[PDB]
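Visitor: Here's a structure for you.
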C-alpha cells in the first residue's frame, strides 16, 4: 500500500538520518567549530532524504515533526503513530549499524544528546522548543503548497532549517530537535539522562510551531 | 612540627595542584591539541609547587607518589597516610574552590578522568601504570641526591615528566597519574565510574616504578 511504502520510507529515511547525522557527530579528528560540519551533516542528510522520500511519506523522519502534522491535522492519529514507531525503529537501527561500522575508539557517546554544562533543563527545554519551533514552522511553510514560484528547493529549505537549529542549539543541547535522533543513542548507550528534555522540547516546539503557523501566520 | 608543616604543605600544594591543573582542563574555548596546554598546566603547576613545598614535604601532592616513597622505604607508614589524607583533602578542596570561582557553563565535568571511548579498563590501567611508572621513576631519580652537576632544576624535571605523562595519556585516560587528582572531581561530580582504574593504575605504576628504580636501575 501507499501507506507501508510510506511507513517503510520513514523507517529507512530515519535509519539513514541517524546513521549519517549521528555518524558525522562521531567527532573523529574534527577540532573547533566542528558544529559547522555536523550541522551541514544533519542538514544535508535531511535535504537528501527529503529528496528521496519526500513524496513517499513527507519525510518527517522526526517524531516531533509527525506530531506537528498530527496536531496540524494533516495525519490520522493512526498514521502519526506508525511514523513515530517506524522513525524510532529506523533510528535505533541506523544507530546500531553506525555502531557496527564505527571503531569503538571513535563512536564515543554515539553522539548522544546531553545538555551542555551550565544549561538547566528548563533552558535546555526552551532551546529545544525553539530549535524545533522554527524547524517545524519552516516545514509547515515550505510543504504548504499554497505558495510557489520564488520558493525554491523544498528539501534544501527544510534541511538548512535543520542546519540552522544545529548551528545554534548544538552548543546548548547538542541540538536534538528530533525525539528519534535523541532516542536511538540513548537506548543503545542505555543513557537516558535528561532524555525527556529531548521529547518535551521538540514536541512542544513542534506543536507550538504547528499552531503558530496554522491559526496565525498563515491560517486555513 | 616539621611534620604538620609538611602535612599542611601537602594539603595546600595539592589544593593548588588540583585548582590549577584541573582549572586549566576546564576547556573554555581551547579547541584542538588542547592537550598541549593542559599538560604544560599540570606540569608547571607541579614544578612550581615542588619549588615552594619541595623542601617542606617532598611535594608528593600525589597519593601514588607518596606510595612509591612508602614502598621505596622513605616514609613511615604513618606519614604516608597523613600525606594521602592531606592530599585527598587538599584535592577535594582545590576542586571545590575551582568550582566556586568557575562559571557553571565552563566547569563541565570538572575535568573528571574518564577512559577515552574504545579504551578498555585493562588498557586504561596499563596506560596509567606507565604514565605513573615513568613519572615516579623520574622523581625517584631527580630526588635521589646521589646525583648532581649536570642534573638541573629538580622541579622542572619532575614537572615535565608530569607533562610527558599528559602529552601521552591524556588521550587514553585523561591522564590521571594521581589518585588525588582523579578523586577530587569524582567525589564532587559524584561520578566514580571506572574510578578504580585511577588508583590501581597509579598505585601499581608508582610501586613498580619505585622498585624498578631501587632494586634495579640504581639500587641502594
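We number chain A the same way Swiss-Prot does; the residues here are 7-226, in that order.
So this one's electron crystallography, 2.5 Å, going by the header.
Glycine residues also receive a Cβ, built from the backbone N, Cα and C atoms like all the rest.
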Visitor: Do the topological domains in Swiss-Prot put residue A:78 and residue A:151 on a single side of the membrane?
Guide: yes
Visitor: Per DSSP, what is the helix/strand/coil residue tally across the topological domain 'Cytoplasmic' (A:148-157)?
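Guide: Each residue of the topological domain 'Cytoplasmic' (A:148-157) counted once, the result is 2 helix, 0 strand, 8 coil.
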Visitor: What stretch, picked from A:13-30, A:41-59, A:86-106, A:127-147, A:158-175, has the most CB pairs under 8 A with the transmembrane segment (A:201-218)?
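Guide: By the under-8 Å Cβ criterion, the transmembrane segment (A:201-218) pairs most with A:127-147.
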Visitor: With pairs restricted to those 6 or more apart in sequence, evaluate whether the transmembrane segment (A:86-106) and the transmembrane segment (A:13-30) have 3+ C-beta pairs under 8 Å.
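Guide: The answer is yes, given that the two segments have at least 3 Cβ pairs within the 8 Å cut-off.
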Visitor: Enumerate same-chain residues with a sequence separation of six or more from residue A:149 (site 'Important for water channel gating') and a Cβ-Cβ distance below 8 A; give 'none' if the list is empty.
Guide: A:64, A:160, A:164
Visitor: Using a Cβ-Cβ cut-off of under 8 Å, list the residues of the same chain that are 6+ residues beyond the ends of the transmembrane segment (A:13-30) and lie near it.
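Guide: The answer is 43-44, 47-48, 51-52, 55, 58-59, 62-63, 65-68, 88-89, 92-101, 103-104, 108, 116-117, 186-187, 190-191.
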Visitor: Hey, which bits of the same chain come close to the topological domain 'Cytoplasmic' (A:60-63), Cβ under 8 Å, at least six residues off its ends?
Guide: 11-16, 19, 89, 160-161
